[PDB]
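Before any questions on how it binds or moves, here is one chain, the form deposited in one PDB entry, in structure tokens.
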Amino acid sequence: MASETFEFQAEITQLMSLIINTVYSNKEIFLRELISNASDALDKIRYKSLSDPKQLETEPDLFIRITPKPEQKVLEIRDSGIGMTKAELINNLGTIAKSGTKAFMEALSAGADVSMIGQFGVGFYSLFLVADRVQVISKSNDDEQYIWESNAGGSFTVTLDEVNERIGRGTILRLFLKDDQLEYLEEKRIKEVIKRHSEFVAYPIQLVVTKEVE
């Protein structure tokens, strides 16, 4: 419907502007960070299900799925984890977080690997190494499906989702890739990045491949 607009906490803006603009070389690290977050969200629904198995029924399969959408210059990273309510999207992604965000920027001013970002709990924002815009589409068992959208630029929107496929339960990160980062639409490239840095994941990592017949 109508979107609601929110202001990012200043430190999150600071972190994002730095990441979207950085000339840091090893931009592929974004995928390990998002796979790690997906795995963590799956751990949470699995754990919750130990005492409330009905929570799994909205999506009984536990998976991470990567879907390139070349025409739209989009890469989607989906999980069937715990998901986020409207309030959780606003909370987890924009208006609070803090969270080692300041400490990570300080570690950068001193020379840390950008690749250390996950150790500060803010690996999500590494997506701006390869994307200039993101939609986070999420469905918690506790709320309706919502879309959080950011272009790294100070404000974000949250909208009740009347436009995307229903996700049973979980989260899609829909990355709108930069024009010079379209290699991450390629099956060969995605496979190599996954295999090298995400070796001990307990859930299947599914790659959606679209190919012409004959």
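Note that the rigid core is defined as the largest set of C-alphas that superpose within 1.5 Å between two forms. One-based numbering along the sequence shown.
Beyond what is shown, the protein has a form deposited in another entry; the following relates to that form.
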Residue among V114, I77, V134, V74 with C-alpha shift of 2 Å or more between this form and the one not shown, core superposed: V114
Yes/no, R32 Cα shift of 2 Å or more between this form and the one not shown with rigid core fixed: yes
Exceeds or equals 2 Å, Cα of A103 between this form and the one not shown, core fit: yes
Inter-Cα distance between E183 and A112 in that other deposited form, nearer or further [3 Å or more]: closer
Cα-Cα shift for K98 and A41, closer or farther in that other deposited form, minimum 3 Å: farther
